[PDB]
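Written below as structure tokens is the structure these notes are about.
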Amino acid sequence: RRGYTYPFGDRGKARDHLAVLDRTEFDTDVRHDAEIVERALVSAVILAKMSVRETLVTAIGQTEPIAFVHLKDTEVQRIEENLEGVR
Amino acid sequence: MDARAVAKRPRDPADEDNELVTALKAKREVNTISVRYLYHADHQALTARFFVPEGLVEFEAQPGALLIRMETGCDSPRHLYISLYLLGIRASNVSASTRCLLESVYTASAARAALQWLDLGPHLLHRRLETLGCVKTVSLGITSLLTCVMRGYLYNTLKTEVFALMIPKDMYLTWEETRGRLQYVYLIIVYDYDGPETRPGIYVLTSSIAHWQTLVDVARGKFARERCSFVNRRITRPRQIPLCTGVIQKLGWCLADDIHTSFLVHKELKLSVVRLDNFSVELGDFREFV
Amino acid sequence: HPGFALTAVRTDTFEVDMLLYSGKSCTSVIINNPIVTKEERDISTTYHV
Amino acid sequence: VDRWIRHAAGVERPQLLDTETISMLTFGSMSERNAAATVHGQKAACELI
Amino acid sequence: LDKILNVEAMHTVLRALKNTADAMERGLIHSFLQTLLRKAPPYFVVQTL
Amino acid sequence: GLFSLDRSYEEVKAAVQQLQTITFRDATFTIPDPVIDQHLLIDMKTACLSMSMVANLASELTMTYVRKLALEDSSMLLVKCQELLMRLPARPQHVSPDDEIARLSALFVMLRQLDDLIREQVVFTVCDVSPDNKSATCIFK
Amino acid sequence: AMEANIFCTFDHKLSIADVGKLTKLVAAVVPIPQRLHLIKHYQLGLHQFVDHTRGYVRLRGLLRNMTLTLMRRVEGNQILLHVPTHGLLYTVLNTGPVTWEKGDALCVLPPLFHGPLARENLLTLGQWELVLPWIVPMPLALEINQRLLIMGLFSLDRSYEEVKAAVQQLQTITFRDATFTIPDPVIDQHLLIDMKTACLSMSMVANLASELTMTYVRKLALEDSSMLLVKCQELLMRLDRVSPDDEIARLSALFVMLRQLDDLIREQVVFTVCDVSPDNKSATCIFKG
């Protein structure tokens with residue numbers, strides 16, 4: 001709903017990426033969660049990089065990796081130490 | 001320049017011959033085309049001609065009916081020339097018996113397409129529709145070529161007999177018990193801002209009021225329920241944008257004595273109408289009121 | 001080869017010259033004089049005969 | 001399976017015709033463009049099982 | 001120069017009159033051919049009749 | 001009319017000495033007998049309804065443009081329009097083109113429904129006056 | 001049998017190429033500041049009103065009261081102009097960037113494309129450059145007015161990338177086979193004066209109408225003969241879920257900022273298409289003034 005009203009650099013591929021993101025609400029069993037959360041996350045960070053108009057890897061077969069955008073170093077370090085604490 | 005030529009009387013146009021008559025008379029030939037009396041020369045009614053498919057020209061073969069172009073975001077057939085009765089199909093103002101009557105005559109592939117294009121988009125009707133005036137002659141071909149007028153009276157060629165304006169009874173609306181010597185006829189599309197339906201009300205106003213403020217005061221006084229529904233939809237539903245609860249424009253002015261009840265017949269179907277015989281069109285843009 | 005068979009129906013348009021025979025004064029046409037009407041614009045006035 | 005079928009048959013997707021364009025198309029539309037070049041003529045065939 | 005322009009305009013409207021007269025005659029011939037072809041059945045139906 | 005409500009009679013008598021003096025085009029004019037009327041009640045009711053509607057449909061950027069200009073720019077007209085307002089770099093919370101053009105169209109409709117009260121009608125459009133200012137020519141009748 | 005026309009002359013010399021350029025604009029609209037009879041060429045169009053500091057809004061305000069005319073014929077002697085009148089049809093060129101259709105309400109606009117251009121190279125003399133106003137259909141004119149006003153309203157926050165994205169969204173305008181764009185009104189990171197006062201009056205009347213409403217409906221509520229009034233005040237009370245001379249001055253300020261916005265909140269139709277010629281260079285339209 002935030003990316004619905006956002007004015008992008010183009011309406012087309014942002015419309016495609018929100019169309020990927022919005023249909024995958026959640027999944028039922030234990031297997032289907034990982035690939036749908038990965039697809040939702042890569043569509044989300046592509047929309048995030050398009051909203052700030054930053055560059056992204058768009059070569060075929062190279063998926064944009066998961067990364068936090070435009071934050072302080074202590075916040076992303078808090079993300080990594082929380083990743084370590086839950087691992 | 002001379003006082004003889006300045007105080008000379010103005011020339012009668014019907015007494016002087018045509019340009020073609022003097023052009024043929026100068027070189028002194030003869031053509032099989034009779035040319036000495038040009039037709040439509042004394043025609044103050046500026047007209048226009050419109051192609052339209054067959055699916056919309058029923059209840060139009062009799063002369064005298066409105067004609068409205070629409071806009072549609074699809075590219076090629078983008079503007080349909082819809083009659084007033086097919087517009088009244090969509091309207092919530094009309095009685096359901098007459099609605100099922102005139103829907104039963106308009107069973108066509110173009111009419112239902114226009115009905116879908118009416119209620120498909122997010123725009124209201126007044127931002128979508130655009131009048132053309134009233135129609136005087138038909139072509140009744142495989143596609144129809146109607147002749148509408150922008151300004152002036154409605155008459156047959158050679159002005160042998162005047163053409164009347166027809167309106168169905170449900171769209172007819174007066175707001176006074178007696179009429180003046182002159183009265184203008186308008187168009188009213190009032191919006192019911194209700195939850196289930198947003199279908200408007202279509203009206204014509206045979207009123208003797210010319211001033212816009214003294215018209216819109218009686219317009220608010222007769223349509224207070226609709227503005228109350230507007231502000232109720234405003235307070236109940238936030239972050240919605242309602243606008244132009246009613247719209248108003250000038251269509252023409254009549255004689256205020258030839259207004260009488262007649263009926264239209266199309267495929268042995270009676271449709272009772274208010275009929276205005278000596279009527280001249282006078283178009284104007286969609287003003288609005290809230 | 002699948003189970004069902006196919007039947008193709010193609011149409012074909014040829015240009016062709018028809019000839020026509022008629023009787024001596026088979027029908028009767030009646031005409032009148034041509035009439036000019038004047039449709040007026042600013043830069044160009046048209047006339048429908 | 002629809003994407004696989006559109007790839008296997010060569011025909012593209014509709015690519016989301018608008019509903020007003022849908023009512024246009026059921027009113028009538030010339031979707032298919034002309035080819036690059038035709039030497040024989042305009043194409044014509046159909047199919048029946 | 002006024003005489004030149006007046007003569008050219010008079011010859012223009014005379015040429016238009018001659019052209020539409022010949023066009024009216026050609027349209028009479030064409031419409032008569034059309035209303036003949038409307039009521040001309042082909043060879044096989046009248047031959048079998 | 002808007003000042004006639006909930007005011008003392010001497011407050012209206014102190015207002016009419018301010019509001020009756022019109023000095024348009026170097027010629028003074030006076031307003032005769034400003035009283036209450038039911039038609040004036042109708043104009044006041046539609047004025048308050050239109051004012052409420054344009055107050056509701058005003059977005060935050062229209063509401064904050066005066067402060068956003070008064071924080072940096074400086075002019076005499078900005079000062080003269082600021083003193084009639086009240087007292088009380090940040091990013092906008094939420095903007096959208098398609099919502100706000102609809103907001104501006106409905107807001108133009110409400111300002112038209114406010115404008116029609118004071119604008120009566122055009123009935124003469126002058127082309128050339130007589131040089132003694134006693135006659136003119138006009139169109140649009 | 002002559003007709004009432006306007007005899008315009010040219011004090012510069014005219015080439016045969018410039019005469020052939022001028023005869024392309026037969027059915028072209030030309031604004032004129034005052035309908036005289038023997039006018040020079042210096043008051044044809046809008047080159048009298050081209051200014052570096054002024055902007056689109058003052059051009060629209062002048063064009064609301066200009067005397068629009070049509071050309072008739074061009075000669076080495078002089079130039080013929082025709083004043084139109086209401087209720088008559090005329091041929092008019094489509095010098096605007098958008099094609100028309102039949103029955104479309106048309107109105108006259110100041111040119112968005114400004115200064116030297118490949119399309120503005122018309123009848124350009126030494127100190128003179130003949131410019132012509134656009135003849136646009138009415139809803140596109142309303143869209144241009146709204147989009148230009150809201151692009152003027154985002155003038156003070158161009159540092160944010162999101163506002164630049166919204167501006168780039170607004171700066172492109174589609175229409176039926178028409179994807180032209182407009183120039184942004186902000187130059188040198190500042191706004192031109194007429195657009196600035198227009199949007200300032202807009203913000204001022206919005207602020208004053210949000211301010212003074214509750215006291216007025218509270219005063220009106222004690223004579224409640226209309227049930228619309230209580231839902232009118234309930235709207236403002238759900239939205240939130242003074243000296244008398246200050247009141248008088250704020251009322252007069254609100255009405256004068258509304259009066260300065262009169263030309264922008266409404267416009268009149270000038271022509272409507274009776275019919276359109278093929279190739280869409282021109283169309284036969286009835287004048288409406």
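The way I read the labels, and the way they are meant: chains A, B, ... in the order of the structure tokens, residue 1 as the first residue of every chain, and ligand 1 as the first ligand shown, with later ones counted on from there.
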* To do: Just the strand (DSSP E) stuff from chain C, please, per backbone DSSP, written as a ChimeraX atom specification.
  => /C:37-39,46-48
Would you output that residue set with C-alpha atoms, as a tab-separated table (two decimals), in the first residue's frame?
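Saved as again-v9.tsv:
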```
chain	number	residue	atom	x	y	z
C	37	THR	CA	-27.49	23.47	-51.45
C	38	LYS	CA	-24.86	25.68	-49.85
C	39	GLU	CA	-22.98	24.59	-46.74
C	46	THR	CA	-19.06	23.88	-50.12
C	47	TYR	CA	-22.02	23.08	-52.33
C	48	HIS	CA	-23.82	19.75	-52.43
```
* Pick out the residues sitting within 12 Å of residue 36 in chain C, and hand them over as an NGL selection string; count only C-alpha atoms, and ignore anything fewer than 3 positions along from it in its own chain. => (:B and (18 or 20-21 or 32-41)) or (:C and (33 or 39 or 46-49)) or (:E and (17 or 20-21 or 24))
Selection above as a file: C-alpha atoms, as a PDB file, in the first residue's frame:
```
ATOM      1  CA  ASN B  18     -26.011  34.013 -56.564  1.00  0.00           C
ATOM      2  CA  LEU B  20     -22.879  31.044 -59.575  1.00  0.00           C
ATOM      3  CA  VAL B  21     -25.754  32.743 -61.399  1.00  0.00           C
ATOM      4  CA  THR B  32     -28.190  20.978 -66.630  1.00  0.00           C
ATOM      5  CA  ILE B  33     -27.785  21.847 -62.942  1.00  0.00           C
ATOM      6  CA  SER B  34     -30.463  24.284 -61.837  1.00  0.00           C
ATOM      7  CA  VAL B  35     -28.597  26.940 -59.878  1.00  0.00           C
ATOM      8  CA  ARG B  36     -30.807  30.046 -59.697  1.00  0.00           C
ATOM      9  CA  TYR B  37     -31.992  29.391 -56.121  1.00  0.00           C
ATOM     10  CA  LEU B  38     -29.433  28.029 -53.682  1.00  0.00           C
ATOM     11  CA  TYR B  39     -30.911  26.038 -50.831  1.00  0.00           C
ATOM     12  CA  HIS B  40     -30.073  26.560 -47.134  1.00  0.00           C
ATOM     13  CA  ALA B  41     -28.892  30.113 -47.840  1.00  0.00           C
TER      14      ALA B  41
ATOM     15  CA  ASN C  33     -33.016  18.598 -62.144  1.00  0.00           C
ATOM     16  CA  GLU C  39     -22.979  24.593 -46.736  1.00  0.00           C
ATOM     17  CA  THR C  46     -19.064  23.879 -50.120  1.00  0.00           C
ATOM     18  CA  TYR C  47     -22.023  23.083 -52.331  1.00  0.00           C
ATOM     19  CA  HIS C  48     -23.817  19.750 -52.434  1.00  0.00           C
ATOM     20  CA  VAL C  49     -25.467  19.145 -55.761  1.00  0.00           C
TER      21      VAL C  49
ATOM     22  CA  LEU E  17     -19.709  23.552 -62.632  1.00  0.00           C
ATOM     23  CA  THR E  20     -19.803  18.422 -61.198  1.00  0.00           C
ATOM     24  CA  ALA E  21     -22.186  18.220 -64.157  1.00  0.00           C
ATOM     25  CA  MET E  24     -23.498  13.934 -61.862  1.00  0.00           C
TER      26      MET E  24
END
```
Could you tell me which residues of chain C sit within 12 Å of chain G when counting only C-alpha atoms, and give me the result as a JSON list (two decimals) with C-alpha atoms, in the first residue's frame?
```
[["chain", "number", "residue", "atom", "x", "y", "z"],
["C", 39, "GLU", "CA", -22.98, 24.59, -46.74],
["C", 40, "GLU", "CA", -21.14, 27.64, -45.45],
["C", 41, "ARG", "CA", -17.80, 27.93, -43.70],
["C", 42, "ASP", "CA", -15.37, 30.82, -43.46],
["C", 43, "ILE", "CA", -12.48, 29.98, -45.77],
["C", 44, "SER", "CA", -14.32, 27.53, -48.05],
["C", 45, "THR", "CA", -18.01, 27.29, -48.88]]
```
* Find the residues near residue 9 in chain A: any atom within 12 Å, counting only C-alpha atoms, skip ones fewer than 3 places away on the same chain, and give them as a VMD selection string. => (chain A and resid 6 12 to 15 47 49 to 54) or (chain G and resid 161 to 162 164 to 170 172)
* Asked: Can you list, as a PyMOL selection string, every protein, DNA or RNA residue that comes within 7 Å of range 62-64 of chain B when you count only C-alpha atoms, leaving out same-chain residues fewer than 6 positions away?
  -> chain B and resi 134-137+163-166
* Please provide as JSON, numbers by chain all residues within 9 Å of residue 10 in chain E, with the sequence filter that same-chain residues fewer than 5 positions apart are discarded (counting only C-alpha atoms). => {"B": [20, 23, 24, 26, 27], "E": [5, 15]}
* Residues of range 27-78 of chain A in helix (DSSP H, G or I), written as a list in words ->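 Going through range 27-78 of chain A, the helix (DSSP H, G or I) residues come out as residues 33, 34, 35, 36, 37, 38, 39, 40, 41, 42, 43, 44, 45, 46, 47, 48, 49, 50, 51, 73, 74, 75, 76, 77 and 78 of chain A.
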N, CA, C and O atoms of the current selection, written as a compact mmCIF listing (two decimals), in the first residue's frame:
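Saved as result-v6.txt:
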```txt
# COMPACT_ATOMS: atom_id res chain seq x y z
N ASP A 33 7.53 -21.52 2.92
CA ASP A 33 7.77 -20.17 3.42
C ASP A 33 9.03 -19.54 2.86
O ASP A 33 9.05 -18.33 2.62
N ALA A 34 10.08 -20.35 2.63
CA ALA A 34 11.40 -19.80 2.36
C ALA A 34 11.48 -19.16 0.98
O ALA A 34 11.98 -18.04 0.84
N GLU A 35 10.98 -19.84 -0.05
CA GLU A 35 11.09 -19.28 -1.39
C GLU A 35 10.12 -18.12 -1.59
O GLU A 35 10.45 -17.16 -2.30
N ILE A 36 8.96 -18.14 -0.91
CA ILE A 36 8.06 -17.01 -1.07
C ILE A 36 8.56 -15.81 -0.28
O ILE A 36 8.39 -14.66 -0.72
N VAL A 37 9.24 -16.03 0.85
CA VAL A 37 9.76 -14.88 1.57
C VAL A 37 10.99 -14.34 0.86
O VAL A 37 11.21 -13.13 0.84
N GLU A 38 11.74 -15.20 0.15
CA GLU A 38 12.88 -14.72 -0.62
C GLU A 38 12.42 -13.92 -1.84
O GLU A 38 13.00 -12.87 -2.14
N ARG A 39 11.37 -14.39 -2.51
CA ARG A 39 10.86 -13.66 -3.67
C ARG A 39 10.22 -12.34 -3.26
O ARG A 39 10.43 -11.31 -3.92
N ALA A 40 9.46 -12.35 -2.16
CA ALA A 40 8.88 -11.11 -1.64
C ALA A 40 9.96 -10.13 -1.21
O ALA A 40 9.85 -8.93 -1.46
N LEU A 41 11.05 -10.64 -0.63
CA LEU A 41 12.12 -9.76 -0.18
C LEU A 41 12.91 -9.18 -1.34
O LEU A 41 13.30 -8.01 -1.29
N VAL A 42 13.15 -9.97 -2.40
CA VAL A 42 13.93 -9.40 -3.50
C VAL A 42 13.07 -8.41 -4.29
O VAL A 42 13.58 -7.38 -4.74
N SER A 43 11.76 -8.66 -4.41
CA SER A 43 10.88 -7.68 -5.03
C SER A 43 10.79 -6.41 -4.18
O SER A 43 10.76 -5.30 -4.72
N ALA A 44 10.79 -6.58 -2.86
CA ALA A 44 10.73 -5.44 -1.95
C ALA A 44 11.98 -4.58 -2.04
O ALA A 44 11.89 -3.35 -2.11
N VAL A 45 13.16 -5.20 -2.06
CA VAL A 45 14.37 -4.40 -2.15
C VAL A 45 14.60 -3.84 -3.55
O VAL A 45 15.25 -2.79 -3.67
N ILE A 46 14.06 -4.46 -4.60
CA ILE A 46 14.10 -3.83 -5.91
C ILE A 46 13.21 -2.59 -5.94
O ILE A 46 13.61 -1.54 -6.47
N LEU A 47 12.02 -2.67 -5.34
CA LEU A 47 11.18 -1.48 -5.22
C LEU A 47 11.81 -0.41 -4.34
O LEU A 47 11.64 0.78 -4.60
N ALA A 48 12.56 -0.83 -3.32
CA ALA A 48 13.25 0.13 -2.46
C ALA A 48 14.37 0.83 -3.21
O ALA A 48 14.56 2.05 -3.07
N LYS A 49 15.14 0.08 -4.00
CA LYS A 49 16.21 0.69 -4.78
C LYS A 49 15.68 1.55 -5.91
O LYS A 49 16.33 2.51 -6.32
N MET A 50 14.49 1.22 -6.43
CA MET A 50 13.89 2.06 -7.45
C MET A 50 13.32 3.34 -6.86
O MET A 50 13.30 4.38 -7.53
N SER A 51 12.84 3.28 -5.61
CA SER A 51 12.27 4.47 -4.98
C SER A 51 13.33 5.50 -4.65
O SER A 51 13.10 6.70 -4.79
N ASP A 73 25.38 2.70 10.39
CA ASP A 73 26.18 1.49 10.52
C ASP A 73 25.85 0.72 11.79
O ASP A 73 25.90 -0.51 11.80
N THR A 74 25.48 1.43 12.87
CA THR A 74 25.14 0.74 14.11
C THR A 74 23.82 -0.01 13.99
O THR A 74 23.65 -1.05 14.63
N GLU A 75 22.91 0.46 13.14
CA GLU A 75 21.63 -0.22 12.97
C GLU A 75 21.80 -1.53 12.20
O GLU A 75 21.26 -2.56 12.60
N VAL A 76 22.57 -1.50 11.11
CA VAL A 76 22.79 -2.74 10.37
C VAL A 76 23.69 -3.68 11.16
O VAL A 76 23.52 -4.90 11.08
N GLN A 77 24.61 -3.15 11.97
CA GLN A 77 25.38 -4.01 12.86
C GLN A 77 24.49 -4.62 13.94
O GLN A 77 24.74 -5.76 14.37
N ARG A 78 23.46 -3.90 14.37
CA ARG A 78 22.47 -4.48 15.27
C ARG A 78 21.69 -5.60 14.59
O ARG A 78 21.37 -6.61 15.23
```
